[PDB]
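Down below is the structure, laid out as structure tokens.
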Amino acid sequence: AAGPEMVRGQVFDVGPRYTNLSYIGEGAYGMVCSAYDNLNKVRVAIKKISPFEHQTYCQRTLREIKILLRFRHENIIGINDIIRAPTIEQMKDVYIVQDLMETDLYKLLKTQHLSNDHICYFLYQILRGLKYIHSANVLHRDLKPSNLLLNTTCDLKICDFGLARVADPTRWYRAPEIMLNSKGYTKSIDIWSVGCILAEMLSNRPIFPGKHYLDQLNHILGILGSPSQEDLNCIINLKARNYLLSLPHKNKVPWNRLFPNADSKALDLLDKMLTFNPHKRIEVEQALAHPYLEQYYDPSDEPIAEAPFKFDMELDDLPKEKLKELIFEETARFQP
Ligand SMILES: */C1=C/C(=O)[C@@H](O)[C@@H](O)C[C@H]2O[C@@H]2c2cc(OC)cc(O)c2C(=O)O[C@@H](C)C1
């Protein structure tokens, strides 16, 4: 049929295996289409990426592929297949094939009230995938509703691991310690994000929607109030600590005034996730065992990674041509 299929001007060269192309999205260098996998007789999502001229875009691509080839968990989108040219010279583009999901949490939150069972079930599933990621000693680092994919039966998968890193322990879902001291290197960063997502499910409305960089921190303290003395001591960067002190006092807005209609158990969980001090922040295993998730919590049915990562390339500084090379090698699993 014709030649290489074309979607909105962009070449989508996915051989005869995948046909019936239909546009879904365009997150910069990466267009997402749905397709029909003629081998497996299913419909799939296919992401086209062209990272090879940007070290950063190569690092995200390598990281995502490396991680996701190694992960196997129901609440994490897996990689079915990767398509690419037989020679690194001709490898200009990379197509990642994954399960077609039906919607995402962001989309879903702009159209629907979530019943408490649903919020509970989505939360559960987020935390279940998170437990597996963290057992692998990996930080997602970019949890937000658009990275939470949903099917018609409410199965939830975590997506986009391009910012993931081996733990070294949008702006709206960023832990405050990332704004404050180092480049945020604890698992509690992900828990924070999940608190933001929880709050968003409770009200259909982002909890800390900072319009600019320092505003994000004002939204956070607007709600949690000024950090306590002990909490100030965890900000160990000179300029951040002093900045915190230069801020006018702020009251802690109680959770039931922001969410008058929420399950009080959900709000208790929310509190522990949206804890300023990262050391006092609830961890994933305790989050799952919280009373709020009582009906889904099943630790015999919450797999962990068999072995934790410890990255065989981290601190990169690798040139693009080198990253491309590893991307070529890691994508080789899938070549004829
Ligand atoms: C999953 C990570 C992302 O890129 C997200 O930002 C995601 O929101 C993008 C979104 O296009 C995907 C998408 C959309 C639908 O229909 C709503 C179904 C899908 O299966 C996917 C998908 O699989 O996204 C993957 C490729 C990336």
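Chain labels run A, B, ... following the order of the structure tokens; each chain numbers its residues from 1, and ligands are numbered from 1 in the order shown.
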| alpha helix (DSSP H) call set, DSSP backbone run, stretch 9-205 of chain A, as a PyMOL selection string | chain A and resi 55-70+105-109+116-135+176-180+188-203
Set out as JSON lines a contact list for chain A and ligand 1 with a cut-off of 8 Å, giving each residue of chain A that qualifies its closest atom pair and distance in Å to one decimal, counting only C-alpha atoms and all ligand atoms, ordered by chain and rising residue number.
{"residue": "A:24", "atom": "CA", "partner": "ligand 1", "partner_atom_place_in_ligand_line": "11 (O)", "distance": 5.8}
{"residue": "A:25", "atom": "CA", "partner": "ligand 1", "partner_atom_place_in_ligand_line": "11 (O)", "distance": 5.1}
{"residue": "A:26", "atom": "CA", "partner": "ligand 1", "partner_atom_place_in_ligand_line": "11 (O)", "distance": 7.5}
{"residue": "A:27", "atom": "CA", "partner": "ligand 1", "partner_atom_place_in_ligand_line": "4 (O)", "distance": 6.7}
{"residue": "A:31", "atom": "CA", "partner": "ligand 1", "partner_atom_place_in_ligand_line": "11 (O)", "distance": 8.0}
{"residue": "A:32", "atom": "CA", "partner": "ligand 1", "partner_atom_place_in_ligand_line": "11 (O)", "distance": 5.3}
{"residue": "A:33", "atom": "CA", "partner": "ligand 1", "partner_atom_place_in_ligand_line": "11 (O)", "distance": 7.5}
{"residue": "A:34", "atom": "CA", "partner": "ligand 1", "partner_atom_place_in_ligand_line": "18 (C)", "distance": 7.4}
{"residue": "A:44", "atom": "CA", "partner": "ligand 1", "partner_atom_place_in_ligand_line": "20 (O)", "distance": 7.0}
{"residue": "A:45", "atom": "CA", "partner": "ligand 1", "partner_atom_place_in_ligand_line": "23 (O)", "distance": 4.9}
{"residue": "A:46", "atom": "CA", "partner": "ligand 1", "partner_atom_place_in_ligand_line": "26 (C)", "distance": 5.8}
{"residue": "A:47", "atom": "CA", "partner": "ligand 1", "partner_atom_place_in_ligand_line": "26 (C)", "distance": 5.0}
{"residue": "A:77", "atom": "CA", "partner": "ligand 1", "partner_atom_place_in_ligand_line": "23 (O)", "distance": 7.3}
{"residue": "A:96", "atom": "CA", "partner": "ligand 1", "partner_atom_place_in_ligand_line": "26 (C)", "distance": 7.2}
{"residue": "A:97", "atom": "CA", "partner": "ligand 1", "partner_atom_place_in_ligand_line": "26 (C)", "distance": 7.2}
{"residue": "A:98", "atom": "CA", "partner": "ligand 1", "partner_atom_place_in_ligand_line": "23 (O)", "distance": 5.7}
{"residue": "A:99", "atom": "CA", "partner": "ligand 1", "partner_atom_place_in_ligand_line": "20 (O)", "distance": 5.7}
{"residue": "A:100", "atom": "CA", "partner": "ligand 1", "partner_atom_place_in_ligand_line": "20 (O)", "distance": 3.6}
{"residue": "A:101", "atom": "CA", "partner": "ligand 1", "partner_atom_place_in_ligand_line": "20 (O)", "distance": 3.5}
{"residue": "A:102", "atom": "CA", "partner": "ligand 1", "partner_atom_place_in_ligand_line": "16 (O)", "distance": 5.0}
{"residue": "A:103", "atom": "CA", "partner": "ligand 1", "partner_atom_place_in_ligand_line": "17 (C)", "distance": 3.6}
{"residue": "A:104", "atom": "CA", "partner": "ligand 1", "partner_atom_place_in_ligand_line": "17 (C)", "distance": 5.6}
{"residue": "A:106", "atom": "CA", "partner": "ligand 1", "partner_atom_place_in_ligand_line": "8 (O)", "distance": 7.7}
{"residue": "A:107", "atom": "CA", "partner": "ligand 1", "partner_atom_place_in_ligand_line": "17 (C)", "distance": 7.7}
{"residue": "A:145", "atom": "CA", "partner": "ligand 1", "partner_atom_place_in_ligand_line": "8 (O)", "distance": 8.0}
{"residue": "A:146", "atom": "CA", "partner": "ligand 1", "partner_atom_place_in_ligand_line": "8 (O)", "distance": 4.2}
{"residue": "A:147", "atom": "CA", "partner": "ligand 1", "partner_atom_place_in_ligand_line": "5 (C)", "distance": 4.7}
{"residue": "A:148", "atom": "CA", "partner": "ligand 1", "partner_atom_place_in_ligand_line": "8 (O)", "distance": 7.1}
{"residue": "A:149", "atom": "CA", "partner": "ligand 1", "partner_atom_place_in_ligand_line": "19 (C)", "distance": 6.7}
{"residue": "A:150", "atom": "CA", "partner": "ligand 1", "partner_atom_place_in_ligand_line": "18 (C)", "distance": 7.9}
{"residue": "A:158", "atom": "CA", "partner": "ligand 1", "partner_atom_place_in_ligand_line": "1 (C)", "distance": 7.7}
{"residue": "A:159", "atom": "CA", "partner": "ligand 1", "partner_atom_place_in_ligand_line": "1 (C)", "distance": 4.3}
{"residue": "A:160", "atom": "CA", "partner": "ligand 1", "partner_atom_place_in_ligand_line": "2 (C)", "distance": 4.0}
{"residue": "A:161", "atom": "CA", "partner": "ligand 1", "partner_atom_place_in_ligand_line": "2 (C)", "distance": 7.7}
| request: Find the residues near residue A:206: any atom within 8 Å, counting only C-alpha atoms, skip ones fewer than 6 places away on the same chain, and give them as a ChimeraX atom specification. | output: /A:172,196-197,199-200
| request: Please provide the set of residues having any atom within 8 Å of residue A:327, restricted to only C-alpha atoms, with same-chain residues fewer than 3 positions apart removed, written as a list in words. | output: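 Here the answer would be residues 58, 61, 62, 323, 324, 330 and 331 of chain A.
In this structure, atom CA of residue A:82 sits 10.1 Å away from atom CA of residue A:69.
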| task | In Å, rounded to a single decimal, give me how far atom CA of residue A:270 is from atom CA of residue A:254. | result |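 Atom CA of residue A:270 lies 11.3 Å from atom CA of residue A:254.
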| Closest of A:37, A:184, A:1, A:154 to residue A:122 - atom-to-atom distances counting only C-alpha atoms | A:154
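Using only C-alpha atoms, the smallest distance between any of A:71, A:221, A:59, A:18 and residue A:41 comes from A:18.
If you measure from each of A:165, A:17, A:54, A:174 to residue A:140 using only C-alpha atoms, the closest one turns out to be A:165.
Distances to residue A:319 were evaluated for A:255, A:57, A:276, A:36 using only C-alpha atoms, and the minimum falls at A:57.
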| request: Find the spatial neighbours of residue A:123, counting only C-alpha atoms, within a cut-off of 12 Å - ignore same-chain residues fewer than 5 positions away - and output them as a ChimeraX atom specification. | output: /A:75,105,114,116-118,128-130,145,148,154-158,191,193-202,266,269-270,273,284,287-288,290,292-297
So that I have them on file, write out the residues from the current selection with N, CA and C atoms, as a short mmCIF file (atom, residue, chain, number, x, y, z; two decimals), in the first residue's frame.
data_model
loop_
_atom_site.label_atom_id
_atom_site.label_comp_id
_atom_site.auth_asym_id
_atom_site.auth_seq_id
_atom_site.Cartn_x
_atom_site.Cartn_y
_atom_site.Cartn_z
N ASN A 75 1.80 -1.87 36.24
CA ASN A 75 1.51 -0.44 36.39
C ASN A 75 2.60 0.44 35.80
N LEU A 105 -4.48 10.42 33.01
CA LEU A 105 -5.05 11.09 34.20
C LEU A 105 -5.34 12.58 34.00
N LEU A 114 -13.90 12.20 40.05
CA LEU A 114 -13.49 10.85 40.42
C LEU A 114 -14.18 10.47 41.71
N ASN A 116 -14.60 8.40 45.17
CA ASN A 116 -13.56 8.13 46.14
C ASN A 116 -12.91 6.76 45.88
N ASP A 117 -13.70 5.81 45.38
CA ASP A 117 -13.19 4.50 45.02
C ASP A 117 -12.17 4.60 43.92
N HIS A 118 -12.42 5.50 42.98
CA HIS A 118 -11.55 5.66 41.84
C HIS A 118 -10.24 6.33 42.29
N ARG A 128 1.66 1.36 43.69
CA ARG A 128 2.11 0.01 43.39
C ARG A 128 3.24 0.01 42.34
N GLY A 129 3.08 0.78 41.26
CA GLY A 129 4.15 0.98 40.28
C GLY A 129 5.34 1.69 40.90
N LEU A 130 5.07 2.69 41.74
CA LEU A 130 6.14 3.42 42.42
C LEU A 130 6.98 2.49 43.30
N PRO A 145 -0.01 14.08 36.26
CA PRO A 145 -1.15 13.35 35.68
C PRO A 145 -0.98 12.95 34.21
N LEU A 148 0.38 9.49 33.65
CA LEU A 148 -0.42 8.37 34.13
C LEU A 148 -1.49 7.94 33.13
N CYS A 154 -9.79 1.00 33.93
CA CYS A 154 -9.14 1.71 35.04
C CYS A 154 -7.74 1.18 35.40
N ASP A 155 -7.16 0.35 34.54
CA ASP A 155 -5.79 -0.06 34.75
C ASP A 155 -4.96 1.16 34.51
N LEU A 156 -4.00 1.38 35.39
CA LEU A 156 -3.18 2.57 35.33
C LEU A 156 -1.74 2.16 35.08
N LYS A 157 -1.08 2.78 34.11
CA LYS A 157 0.35 2.53 33.92
C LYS A 157 1.10 3.83 34.02
N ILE A 158 2.24 3.81 34.69
CA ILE A 158 3.14 4.95 34.72
C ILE A 158 3.96 5.01 33.42
N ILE A 191 7.37 10.77 45.91
CA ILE A 191 6.21 10.74 46.83
C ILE A 191 5.49 12.09 46.83
N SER A 193 5.39 14.21 44.41
CA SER A 193 4.67 14.29 43.14
C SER A 193 3.33 13.59 43.28
N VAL A 194 3.31 12.44 43.95
CA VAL A 194 2.11 11.64 44.11
C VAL A 194 1.11 12.37 45.01
N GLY A 195 1.61 13.05 46.04
CA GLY A 195 0.76 13.91 46.86
C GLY A 195 0.09 14.96 45.99
N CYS A 196 0.85 15.56 45.07
CA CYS A 196 0.29 16.57 44.16
C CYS A 196 -0.81 16.00 43.27
N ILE A 197 -0.58 14.78 42.82
CA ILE A 197 -1.53 14.07 42.02
C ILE A 197 -2.77 13.70 42.87
N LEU A 198 -2.55 13.21 44.09
CA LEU A 198 -3.65 12.92 45.00
C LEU A 198 -4.52 14.18 45.12
N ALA A 199 -3.89 15.33 45.40
CA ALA A 199 -4.64 16.55 45.64
C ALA A 199 -5.39 16.89 44.39
N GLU A 200 -4.76 16.66 43.24
CA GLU A 200 -5.42 17.00 42.02
C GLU A 200 -6.66 16.13 41.78
N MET A 201 -6.59 14.85 42.16
CA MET A 201 -7.76 13.97 42.01
C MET A 201 -8.88 14.37 42.95
N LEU A 202 -8.51 14.89 44.11
CA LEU A 202 -9.50 15.27 45.10
C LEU A 202 -10.35 16.47 44.68
N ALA A 266 -7.90 9.92 53.31
CA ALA A 266 -7.17 10.39 52.12
C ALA A 266 -6.37 11.64 52.46
N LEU A 269 -3.44 10.78 54.52
CA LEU A 269 -2.37 10.33 53.62
C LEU A 269 -1.73 11.51 52.88
N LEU A 270 -2.58 12.42 52.38
CA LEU A 270 -2.13 13.61 51.67
C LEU A 270 -1.11 14.42 52.49
N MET A 273 2.25 12.81 52.53
CA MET A 273 2.94 12.88 51.23
C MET A 273 3.44 14.30 50.95
N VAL A 284 7.07 4.80 50.20
CA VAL A 284 6.09 4.11 49.37
C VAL A 284 5.43 2.89 50.05
N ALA A 287 3.08 4.24 52.57
CA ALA A 287 1.99 4.84 51.85
C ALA A 287 0.97 3.76 51.44
N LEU A 288 1.43 2.64 50.88
CA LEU A 288 0.53 1.55 50.49
C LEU A 288 -0.25 0.95 51.65
N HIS A 290 -1.26 2.45 54.34
CA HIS A 290 -2.07 3.47 55.00
C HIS A 290 -3.53 3.01 54.97
N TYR A 292 -6.25 4.60 54.28
CA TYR A 292 -6.91 5.01 53.04
C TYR A 292 -6.91 3.98 51.89
N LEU A 293 -5.84 3.21 51.74
CA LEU A 293 -5.76 2.21 50.66
C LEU A 293 -6.09 0.79 51.14
N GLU A 294 -6.78 0.71 52.26
CA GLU A 294 -7.11 -0.57 52.90
C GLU A 294 -7.68 -1.64 51.97
N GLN A 295 -8.53 -1.25 51.03
CA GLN A 295 -9.25 -2.23 50.24
C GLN A 295 -8.46 -2.82 49.08
N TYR A 296 -7.37 -2.16 48.70
CA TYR A 296 -6.57 -2.67 47.60
C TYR A 296 -5.25 -3.25 48.06
N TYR A 297 -4.75 -2.73 49.18
CA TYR A 297 -3.44 -3.10 49.72
C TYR A 297 -3.34 -4.61 49.83
#
| request: Select, from A:267, A:245, A:126, A:234, the residue with the minimum atom-to-atom distance to residue A:280, counting only C-alpha atoms. | output: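 Of the candidates, the smallest distance to residue A:280 is held by A:234.
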| Quick one: of A:335, A:300, A:40, A:275, who's nearest to residue A:175, counting only C-alpha atoms? |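 Closest to residue A:175 of all the choices is A:275.
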